[PDB]
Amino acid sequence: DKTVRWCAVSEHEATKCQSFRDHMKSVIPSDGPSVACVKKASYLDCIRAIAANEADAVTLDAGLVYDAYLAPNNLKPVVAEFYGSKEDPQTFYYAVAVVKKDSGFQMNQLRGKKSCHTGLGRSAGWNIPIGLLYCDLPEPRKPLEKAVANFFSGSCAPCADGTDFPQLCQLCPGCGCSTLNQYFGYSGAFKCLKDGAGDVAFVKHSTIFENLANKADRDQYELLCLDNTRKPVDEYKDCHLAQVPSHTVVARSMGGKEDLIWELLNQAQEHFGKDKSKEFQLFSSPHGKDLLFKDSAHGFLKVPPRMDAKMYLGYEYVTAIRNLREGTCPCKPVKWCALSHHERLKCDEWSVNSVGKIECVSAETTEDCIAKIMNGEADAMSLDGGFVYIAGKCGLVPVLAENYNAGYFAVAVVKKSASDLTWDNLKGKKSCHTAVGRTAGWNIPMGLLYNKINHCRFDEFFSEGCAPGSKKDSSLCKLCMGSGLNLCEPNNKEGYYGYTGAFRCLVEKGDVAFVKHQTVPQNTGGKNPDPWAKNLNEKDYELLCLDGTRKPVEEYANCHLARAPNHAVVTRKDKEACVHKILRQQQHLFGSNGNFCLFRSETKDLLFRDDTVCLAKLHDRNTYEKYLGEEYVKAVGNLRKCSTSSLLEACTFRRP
């Protein structure tokens, strides 16, 4: 059967669900999803029923989304409620810490300040801020109210026990738990700040815009960022305490039925959603308010399938709720993320030589390791500039850059015998790329090509080619040499993948290869002993300049497509300082100094490139926008209209 068993937590919800089930069977045909309704006593009972394969779906708050993720439940977000409008769908809200401009303190200086909270037990006003500040609170940290009462000098914490902790009600005596208290709720907490009662108000990002119409008044307020800096109130997406999803449908991570749940809800909103004017309304009911879904909801959005709960909730939110539930308080070792057996063996050797300073975790793909750095399972890894873009769009920052001597040169190599090829038109020619999304093989060459054809459908511009990472049926996979599953894969099991692989593709099948300036010299003249490269002479290959002219391989300095940003190490902002220090201390111990160490591989370019001489600092360029540059980001923004990165789709869902 294609039945979705929806879980209700009340008798009113079960009645609406039964009405939901009956009306669906009128609009959905024979081969479509049907609804069944399981009634449980609580949200947690619904979570257990779904984990026990007794139900399939339920819509939860963010805190319960975290509960549904923990073992042995292992549920994941599948469908999202959005609000506001269908043209500007609102799925998340941001918990922010608002202060007055020029008040002179940062997030790590809140001790002794006066605080304004929407109310004890609320998300943006209490659970999230106190969660992030948990180990800053004095010991003993339980009961939590007493620890907060000895952190802030005075507060307005509505509904707190002012009898035992009167400091929590200094700004609103009695801590009135109703709108009779002027500083209660979403608006009252900000009024507590606006009226000068407190120094910081923990509210939602939208609270400031609902209480201050003129931007001139909003310019008198700032937000506290977790990096201990301040930003204007309209930059909350780059300066919040946590990004929080409002209402989320969850399901089993394995066993589904995700596709069925979305097909059901998508057809449900098409027939009974907002402004559908039927007898049955998906987002209201005569039996009660907010049954199954919020009455204020406007519809549903499908959660990208790469998304898990920790990625959906976000690193900041998970940190805050973990502290509140576990109560665990300790520069710590840096956890490197390896992508292969030989990369893991190298890191494992690096870790013991570190005597603890470095540790290793492994993942199967580059995107998987990036996700581990995002949620905290891993700490750092080095990436091509194309992945720095993805890592940046997902919230990570670069901390150090690989230096080989301004970065390396992206070149277009062609066979010199074919003296007809020029950069001014390679249409209908066979191309070989390192991989889709990489700097030298894709972002730089195809970025310029986009400016002349105005579309990212490069498989109908070139006749065929090998671009690892393309859809298996693409014409840009026809030239690749991988066998079976490995064909066109962006990894080692595809022989045409990478700098060297793309040059081999040119030598054997292609017409033009997009690689870096040293690729041809180090793979010709016997330097590469493999049969495909052993007898190659580098004077038999040329580069395509932007002029439309061609020059020898060694003349790349005056015949390159563009300068490429160096490979860089990425990490979370909360570990930027510790990674910057430990790595620069380890390269002084194992850098350019069996014979070598860190910058040498048993195979080829493990963890770092082998031509790396140092790990250089970045100064202000600690941001993917400022590291890659405006032109690089603009080009990738043009190319993403044909992107197939599931990790980038998940992060773009949280921050378009």
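Rigid core here is just the name for the largest C-alpha set that superposes within 1.5 Å across the two forms. A residue's number is simply how far along the shown sequence it sits, counting from 1.
Rigid core fitted first, then name the stretch among 78 to 86 and 167 to 175 whose C-alphas deviate most from the displayed form in 8 other deposited structures of this protein.
Higher root mean square deviation of C-alphas in 8 other deposited structures of this protein is shown by 167 to 175.
Farther-lying stretch by C-alpha RMS in 8 other deposited structures of this protein, rigid core as reference, of 144 to 152 and 536 to 544
Clearly, after the core fit, the stretch farther away in 8 other deposited structures of this protein is 536 to 544.
Go through the other compared entries with residues on either side of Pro29 and state whether a third or more give it no coordinates.
Across the compared entries, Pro29 is modelled every time.
At least a third of the other compared entries: do they leave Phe599 without coordinates?
In at least a third of the comparable entries (those modelling both sides of it), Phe599 has no coordinates.
Is there a break between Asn593 and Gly594, and how many deposited residues does it span: none, 1 to 3, 4 to 9, or 10 or more?
Some 4 to 9 residues are missing between them.
With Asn405 and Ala406 adjacent in the shown sequence, let me know how many deposited residues between them lack coordinates: none, 1 to 3, 4 to 9, or 10 or more.
The entry leaves 10 or more residues without coordinates here.
Read off the CA B-factors in the entry, average them over 54 to 62 and over 604 to 612, and name the higher stretch.
Looking at the record's C-alpha B-factors, the answer is 604 to 612.
Higher-B stretch (mean Cα B-factor, as the entry records it), 576 to 584 or 219 to 227
Looking at the record's C-alpha B-factors, the answer is 576 to 584.
Among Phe202, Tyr389, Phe503, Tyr450, which carries the highest Cα B-factor?
Out of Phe202, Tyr389, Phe503, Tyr450, the record gives the largest C-alpha B-factor to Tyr450.
Of the options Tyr93, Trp423, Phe300, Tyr499, which has the highest CA B factor as deposited?
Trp423 has the highest C-alpha B-factor of those listed.
Is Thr15 in the lowest, middle or highest third of its chain when residues are ranked by C-alpha B-factor?
As the PDB entry reports it, the C-alpha B-factor of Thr15 lands in the middle third of its chain.
Within this chain, which third does the Cα B-factor at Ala513 fall in: lowest, middle or highest?
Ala513: CA B-factor falls in the middle third of its chain.
For the chain shown, is the CA B-factor of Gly548 in the lowest, middle or highest third of its modelled residues?
CA B-factor rank for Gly548: highest third.
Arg48 by Cα B-factor - lowest, middle or highest third of the modelled chain
Its C-alpha B-factor, which the entry lists for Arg48, ranks in the middle third among residues of this chain.
For the chain shown, is the CA B-factor of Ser26 in the lowest, middle or highest third of its modelled residues?
Middle third of the chain for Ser26's C-alpha B-factor.
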